[PDB]
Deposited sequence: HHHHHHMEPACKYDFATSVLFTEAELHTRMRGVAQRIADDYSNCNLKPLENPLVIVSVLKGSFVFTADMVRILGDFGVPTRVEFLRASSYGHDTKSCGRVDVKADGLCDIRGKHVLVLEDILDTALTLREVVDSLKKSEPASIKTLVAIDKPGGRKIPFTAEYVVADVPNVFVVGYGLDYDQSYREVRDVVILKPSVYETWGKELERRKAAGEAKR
């Protein structure tokens, strides 16, 4: 239907978030191999957002190391969209059982109007009202993930 955020808008916001992550993780001072920022990507839709974000965080002095879902290290969980927050709440708690060092959440699209439980992400790229969107990893039955922009799908499509 209509475009909510373009690839240029997302990358601009992700650069601003990257500068915050660079400043907030300075006293940890991340270096490759020895002390990398462990990136936990929640498949599938997060792979587009994860691929761009790690290439931007490296541009800002933050070396990263990625893991894919579905101790003593600093963990940043990345998900494409934050809606009911039921999946991210279970993932964060499951990662706290391994006892890291500092765990935070970074989402690309946050829909606060769809929460089933209270949950706040430490870093949010953009906010979206309670409407169904596709693109930038988001799908409707495994399609439209490859759209470079976050758009609202036509009702006749679904």
Do you know which deposited regions have no coordinates at all? 1-16, 87-110, 199-216
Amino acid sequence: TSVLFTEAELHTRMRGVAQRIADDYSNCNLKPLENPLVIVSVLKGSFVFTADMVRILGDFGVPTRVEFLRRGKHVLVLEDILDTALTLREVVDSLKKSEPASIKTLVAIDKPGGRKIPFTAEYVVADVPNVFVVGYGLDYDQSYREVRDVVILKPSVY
From here on, numbers count along this sequence of modelled residues.
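We call the rigid core the largest set of C-alpha positions that still match within 1.5 Å between the two forms.
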Any chance you could tell me whether 121-129 or 38-46 drifts more in 8 other deposited structures of this protein, judged by RMS CA distance from this form after superposing on the core? 38-46
Comparing mean C-alpha B factor in the record for 149-157 and 3-11, the higher one is 149-157
Out of 31-39 and 120-128, which stretch has the higher average CA B-factor listed in the record? 31-39
Ordered by C-alpha B-factor within the chain, which third holds residue 138? Give me lowest, middle or highest, please. lowest
Where does the C-alpha B-factor of residue 104 rank in its chain, lowest, middle or highest third? middle
By the entry's values, the third containing the CA B factor of residue 65 is the middle
Record-listed C-alpha B factor of residue 92: chain third: middle
